Every structure is written in C-alpha cells, then in structure tokens.
C-alpha cells in the first residue's frame, strides 16, 4: 500500500512481450527491479533515480525498463525466454537505504502451451495401523500430471484453511526427469489426532490452485482447455 506490483502471477509463451508494473505512493526518487532464483538470491536487473535516469544492474540482458513517472517503474521482457522464469520484486528506497519491496510477481515462461495441464488431485486416508500404533492420523494429498510448475497447495478443515500439522514438499518432482517438458507431482501431509479423524462430521480438503492459460488463449486440443483453476480432493472422517 506503498509499493504495488502487477501482475501477481503470469504464465506466458516464449517470444511474447511481457510488462511488469511497479507503482508507489511516497514518490521516492529511487526505484529498482530485482529477480530471485533459487540458490542465487536477489539479483538487480535495472534501477532508476528519476524520470530522466536508467542504470543497468548485474543482469540486464533480455530486459528493458521505463520510468514513466515519479511513481511508476515498468520492467519489460522484450521477447520472453524460459530462463526468465523467476520471482520478480520491485523496490523503492529513500536516501538512507530504507527499502520497501513489492509483494512479488511469479512469472513462468513456457515454450509450448500445448503442454500445459492442470493437476489431478487425490487424498489418501490414514492407515488403520498408524491410528492404532500412534493415536494420530496422517492424510496425504498427491497432485500429479501438472505443467508448468506453478501451483499453490493448501488444506481446508471444516471450511477453514489450516497450517498446523501440515507439510508440503518445497518443490514438485518431475514425473519424467529425462524430459525438458516433464509434468510435475507434489505431495502434502496433514496430521491430526486419531480422535479428530474418527469423527465422521469432520471434512478434510486438499486444494491446489493451478496457474495456466487465460480465457484469451487459443486452444485446439479435444482435452479440456488448461486454464488457471482450482482442483481439490476431499475426505470425511470415519469411525470405520
């Protein structure tokens, strides 16, 4: 609500021009665009001290920027390629290194939109032997067959999002690691007391938000158009 960036999530095809927008309300002279990749931290792309003024950072190739106003700093991918897939952050600074970051843009550049595919999601119920041995009960959610790797998984108990008792894999795995355009799979666990699982009124849902094609995109296959969507799977408690 000082620094805002748009969009939040974007999937694009190789070769398209993409624009990310950063706006601020404080009118700081200094604005920045960074990208973040795993293992590399945040790397500066470009930065600007005034409407008249643009400066390269350490990784400027394949990008351009425009400082269209004191308040605004746009980042353009002229011709998007897959290795520009990253989380992007804009920032402002005062004259004393007081940084404010925007909340980020997750961008995935895919070569071939025909390969986009939503997840299939399944919930696997707790083992009787776990319940007897430990008096706890672990549900497992599996999301499989999805492309690209651009999802968010969450758990919902009796209609409310839960974070306690959850662990989700930090990265999906490749179903076919030899393939450049392999589909992905992700798993998550939710563990509760056996008492809570054994109540048949309790409802457990694993939700996967998938980011895919938009309504604007052409689709020529028979199979479902793989648009951004939510896929869930669910289970009710049981006392056998």
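Rigid core (definition): largest C-alpha set, two forms, superposition within 1.5 Å. Numbering follows the first chain given and starts at 1.
Colleague: Taking RMS over all structures and residues, which stretch has CA atoms farther from the shown form in 8 other deposited structures of this protein, 205 to 213 or 51 to 59, after a rigid core fit?
Modeller: The more displaced stretch in 8 other deposited structures of this protein turns out to be 51 to 59.
Colleague: If you average the Cα B factors in the entry, which is higher, 28 to 36 or 174 to 182?
Modeller: Looking at the recorded C-alpha B-factors, 174 to 182 comes out higher on average.
Colleague: Look over 197 to 205 and 37 to 45 in the entry and identify the one with the greater average Cα temperature factor.
Modeller: Result: 197 to 205.
Colleague: Among 192, 213, 65, 51, which residue carries the highest C-alpha B-factor recorded in the PDB entry?
Modeller: Answer, based on the entry's C-alpha B-factors: 51.
Colleague: Highest Cα temperature factor in the entry, among the options 115, 72, 150, 160: which one is it?
Modeller: So the option with the highest C-alpha B-factor is 160.
Colleague: Ranked by Cα temperature factor within the chain, is residue 82 in the lowest third, the middle third or the highest third?
Modeller: As the PDB entry reports it, the C-alpha B-factor of residue 82 lands in the lowest third of its chain.
Colleague: For residue 97, return the chain-relative third of its C-alpha B-factor as stated in the PDB record: lowest, middle or highest.
Modeller: Its C-alpha B-factor belongs to the highest third of this chain's values.
Colleague: Tell me, lowest, middle or highest third: where does the Cα B factor of residue 128 rank within its chain?
Modeller: According to the entry, residue 128 has a C-alpha B-factor in the chain's highest third.
Colleague: Could you look up the Cα B-factor of residue 108 in the entry and say which third of the chain it sits in: lowest, middle or highest?
Modeller: Within its chain, residue 108 is a lowest-third residue by C-alpha B-factor, going by the deposited values.
Colleague: Which third, lowest, middle or highest, does the C-alpha temperature factor of residue 76 belong to within its own chain?
Modeller: Middle third.
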